[PDB]
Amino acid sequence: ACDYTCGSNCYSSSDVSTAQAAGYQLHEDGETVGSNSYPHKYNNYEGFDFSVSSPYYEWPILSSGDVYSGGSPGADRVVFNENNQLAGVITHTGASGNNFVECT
């Protein structure tokens, strides 16, 4: 069974924790990756009821199981805070335009 389901993509906790770690590392180092420069702040315009505090940061998680290193980030994201706390897993799948919805 999936720990997180983003549209048709299925993630375990281990996929999440690996993505997140990659992301937080760049963050800590003040480096970015991709044309969209990940990781970058997540404003929470959506108003998700996250249980950890802001600031929030978004980082792609890939259905391939690989760590994001550039190119298309797909639709799914991990959201972490300043404390390397998992805020949640979100996606553009099933959300209009460029909005997000949560993975279930």
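Start at 1 with the first residue shown and count on from there.
Look at the C-alpha B-factors of 35-43 and of 48-56. On average they run higher in 48-56. The mean Cα B-factor in the deposited entry runs higher for 6-14 than for the other of 86-94 and 6-14. Placement of the Cα temperature factor of residue 61 within the chain: lowest third of the modelled residues, per the deposited record.
Ranked within its chain, residue 67 lands in the highest third, by CA B factor from the PDB record.
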